[PDB]
Amino acid sequence: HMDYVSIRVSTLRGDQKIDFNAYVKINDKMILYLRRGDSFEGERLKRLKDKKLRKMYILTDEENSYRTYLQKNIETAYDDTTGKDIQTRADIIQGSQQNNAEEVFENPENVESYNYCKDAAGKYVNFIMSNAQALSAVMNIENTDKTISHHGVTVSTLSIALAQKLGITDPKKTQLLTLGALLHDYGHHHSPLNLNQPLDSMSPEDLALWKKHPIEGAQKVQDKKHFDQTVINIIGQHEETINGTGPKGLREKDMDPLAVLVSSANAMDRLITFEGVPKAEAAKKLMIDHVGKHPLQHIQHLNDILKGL
Ligand SMILES: [Fe+3]
Ligand SMILES: [Fe+3]
């Protein structure tokens, strides 16, 4: 009898108490999981981790409560005047960025959703740039379920920090870099590929499928008038390497410089998140197993960023 609407689980973050139930779908039935009054700050977030949760459901009659919950979370989290714990702010903002990316992946023709994601990417740059511990707090949020939207947020975070180290200050460029990084793996959306394995031990079939993703991703968006060219370039070129060994065979001179940055940042998170490489060993691995693929200055800066420098 009752109607439900879907919500993305990355929107359930921080210490605000929910004024709605939330349900997990099991065997196509809506099973009560989160109750009115629950919150998700600190260790409470574990209730939503390691469970491959993507969508949950709320009663349609409670949708207004959810919408107000989300808007309050976002407004409070981006506010630099509150003195709110940085980890809680980061929990909310990381999840909101992920939500915005998922909305674009699910609705790529939607101009408003793209523009919302773009505007929020600008807000994200400002959050990371204006709060000393923001990057560290975001990097504390492990990608337990190995999703491409969480991975996009992580890659965008490393990309913002890398851009700062390289002296790329133009706000339009940093916004588009962040947006492209967030969306970079659109080509993997609803792919049967298990990303959580090393590329060099994938079956030939899996590797072949993997090589298609930037090409397919870019082809899908390249003629959409509302997509920024830089974002299209990042989606399509982010697997390219400076010595021309990537899927498109591009060399550094052939590439959007911002895609070179995302390529480096991505290569690092792939090692750490998808291949189980300890963060302190990732730079070495790229240099010794990914010879000549990325600019040494990017790898050194990324190593420093992961070290807190
Ligand atoms: Fe990729
Ligand atoms: Fe990636």
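Residues numbered from 1 in each chain as written, not as in the entry; some residues may be left out. Chains lettered and ligands numbered in written order. Heavy atoms only, no water.

As recorded in the PDB header, X-ray crystallography is the method behind this entry, and the stated resolution is 1.28 Å.

In the first shell of the iron ion (ligand 2), the protein supplies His 151 (NE2), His 184 (NE2), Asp 185 (OD) and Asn 266 (OD1), at 2.1 to 2.3 Å from the metal. Angles of 83 to 168° at the metal separate the 4 donor atoms of the iron ion (ligand 2), which places the site in the irregular class. Considered as a linear motif, the donors of the iron ion (ligand 2) on their single chain read H-x32-H-D-x80-N. Taken as a pair, the iron ion (ligand 2) and the iron ion (ligand 1) lie 3.4 Å from each other and share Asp 185 as a ligand. With a gap of 81 residues between them, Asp 185 in the loop between α6 (171-183) and α7 (204-221) and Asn 266 in helix α9 (residues 257-274) connect regions that are remote in the sequence. Here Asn 266 falls in the buried class, since its relative accessible area comes to 4%. (Donors = N, O, S within 2.8 Å, 3.2 Å for Na, K, Ca; no water. Tetrahedral: all angles 85-135°; square planar, octahedral: opposite > 155°, others 65-115°. Helix = DSSP H or I, 4+ residues; strand = E, 2+ residues; numbered from the N terminus. Buried < 20%, exposed > 50% of the residue type's maximum accessible area, 1.4 Å probe, protein only.)

Let us look at a nonpolar patch on the surface. Residues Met 287, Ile 288 and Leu 296 make up a contiguous nonpolar surface patch of about 300 Å² in total accessible area. With respect to the helices and strands, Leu 296 occurs in helix α11 (residues 296-306). (Patch = residues over 30% accessible without salt bridge, like charges linked within 9 Å, V, L, I, M, F, W, Y side chains within 5 Å. Areas by Shrake-Rupley, 256 points an atom, 1.4 Å probe, with all protein chains shown as cover. Salt bridge = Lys/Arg side-chain N within 4 Å of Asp/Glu carboxyl O.)

Donor atoms from the polypeptide that coordinate the iron ion (ligand 1) comprise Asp 185 (OD), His 213 (NE2), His 238 (NE2) and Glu 239 (OE), at 2.1 to 2.2 Å from the metal. Taken together, the 4 donor atoms coordinating the iron ion (ligand 1) span angles of 90 to 176° at the metal, a pattern that classifies the geometry as irregular. One chain supplies every donor to the iron ion (ligand 1), and in sequence these donors are spaced D-x27-H-x24-H-E.

Side chains carrying opposite charge are able to pair once their charged atoms draw close together. Applying the stated rule across the entire model yields 15 salt bridges. One salt bridge connects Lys 25 with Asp 28, and the closest N-O pair in it is separated by 2.9 Å. By relative accessible area, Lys 25 is classed as partly exposed at 40%. Between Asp 228 and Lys 118 there is a salt bridge, with its nearest N and O atoms 2.9 Å apart. Taken together, the residues span a long stretch of sequence, with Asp 228 in the loop between α7 and α8 (229-237) and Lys 118 in helix α3 (residues 111-130) at a distance of 110 residues. Connected through salt bridges with shared partners, the residues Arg 8, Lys 55, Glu 103 and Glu 106 form a single ionic network.

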